[PDB]
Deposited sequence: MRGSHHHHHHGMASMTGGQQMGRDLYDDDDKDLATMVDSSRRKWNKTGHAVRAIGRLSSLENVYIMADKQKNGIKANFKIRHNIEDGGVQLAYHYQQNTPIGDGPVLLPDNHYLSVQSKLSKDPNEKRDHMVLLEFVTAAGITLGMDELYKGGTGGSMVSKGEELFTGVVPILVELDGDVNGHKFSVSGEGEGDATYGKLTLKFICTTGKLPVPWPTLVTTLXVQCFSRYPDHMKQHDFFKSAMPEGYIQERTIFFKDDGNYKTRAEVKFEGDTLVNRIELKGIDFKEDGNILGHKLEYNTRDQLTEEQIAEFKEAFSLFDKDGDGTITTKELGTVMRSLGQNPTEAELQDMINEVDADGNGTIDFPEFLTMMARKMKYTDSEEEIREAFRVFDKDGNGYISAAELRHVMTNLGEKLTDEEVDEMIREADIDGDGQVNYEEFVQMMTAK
């Protein structure tokens, strides 16, 4: 293992790439509609390699005339796990989700409806390129923990699109908002009368969905009734071609955890178990970037679950586990590769890699840089090209 030297520096560059991207569900007040608007990106792994991106724009407006909470800018962080019921013959999805609000550093009447376990019903009618379908869902939400458990069935037979592409459409009122953020919870504030949620979802290099849903209490049950229309999809594309992975590949060897700790400790130079903006900035400069204090704070804020302004070890483990579960785009892998490929020629040289290593305070001898190149060098040219790098980073 000088795969270790790759793994570590690789993970650090990937950590930086994560910290520079916007992966959460971003919520802002929409005062003209007495509600909220949101935007976010969803990654769907393509079975056999690559990612299909789905860019979401969202708007919510209350159904009733009672006052609602309009929030400051914040985000929701969602962890989703998809599975199959071994006893179910119908085309189906079992979903477990945990959702928590964050993004604001360190209580409405409708919030009272969510202090215990609430039953949920979901009904969707869809039409994608003229292929119609219906989905029925049932389960329960426990907003105390941000927790949803639901099972969905396609009641019309075979679903004509992959299940994962419908997860976001198929009850953000179940999100866990921390104590210091309770006044920013629009979704609960609008209950029991509910809200109208609208989205457009753009699948990159493919078609789009347009959705409209009514989310409200019907008796004791929170019911989400949705209609969806998809247009412009390619018959051979990822969606109509069913080329998307179904299953959360959510491994996590103890060994993987240990490699994430090695990367963490490159940032946590004082060994206190948390990464500060000073520390993150130290590493970013050594890699050739020059962020301002404000950008360092916004980067941390992206993964700072507890809002203390630092990336604690468990927060970094969570971020890295998610970064490994969902595939990076080509543009993101190229950006990582450009951290090493200092001149932009397509090839990481022994001189470039030594410059990176030496700038990160790795005390490696010229001989050991050579061993690093050789580990990664599939074609024997004495350099690491893009494809060799891509394989090294898997």
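Unmodelled regions of the deposited sequence, numbered from residue 1: 1 to 38, 145 to 158, 223, 448 to 449.
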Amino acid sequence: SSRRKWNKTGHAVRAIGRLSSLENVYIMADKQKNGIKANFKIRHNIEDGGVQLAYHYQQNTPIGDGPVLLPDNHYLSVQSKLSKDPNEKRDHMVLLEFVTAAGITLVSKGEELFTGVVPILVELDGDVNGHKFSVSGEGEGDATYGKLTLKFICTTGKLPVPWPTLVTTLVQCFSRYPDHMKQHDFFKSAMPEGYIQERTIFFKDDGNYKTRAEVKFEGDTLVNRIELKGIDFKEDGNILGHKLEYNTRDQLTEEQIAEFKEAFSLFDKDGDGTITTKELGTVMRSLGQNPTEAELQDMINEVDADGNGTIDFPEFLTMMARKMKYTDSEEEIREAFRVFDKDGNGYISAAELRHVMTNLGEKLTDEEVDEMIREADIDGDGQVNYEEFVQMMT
From here on, numbers count along this sequence of modelled residues.
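As recorded in the PDB entry, 257 to 265 is the stretch of 257 to 265 and 205 to 213 with the greater mean C-alpha temperature factor.
The question of which stretch, 285 to 293 or 136 to 144, has the higher mean Cα B factor is settled in favour of 285 to 293. The PDB entry assigns its highest CA temperature factor, among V68, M28, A54, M357, to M357. Ranking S189, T276, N301, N247 by the C-alpha B-factor listed in the PDB entry places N247 at the top. Annotation for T105: CA B-factor lies in the highest third of the chain's modelled residues.
Among the modelled residues of its chain, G35 has a C-alpha B-factor that falls in the lowest third, as given in the PDB entry.
Placement of the Cα temperature factor of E331 within the chain: middle third of the modelled residues, per the deposited record.
Among all modelled residues in its chain, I16 ranks in the lowest third by Cα B-factor. When all modelled residues of the chain are sorted by CA temperature factor, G219 is found within the highest third.
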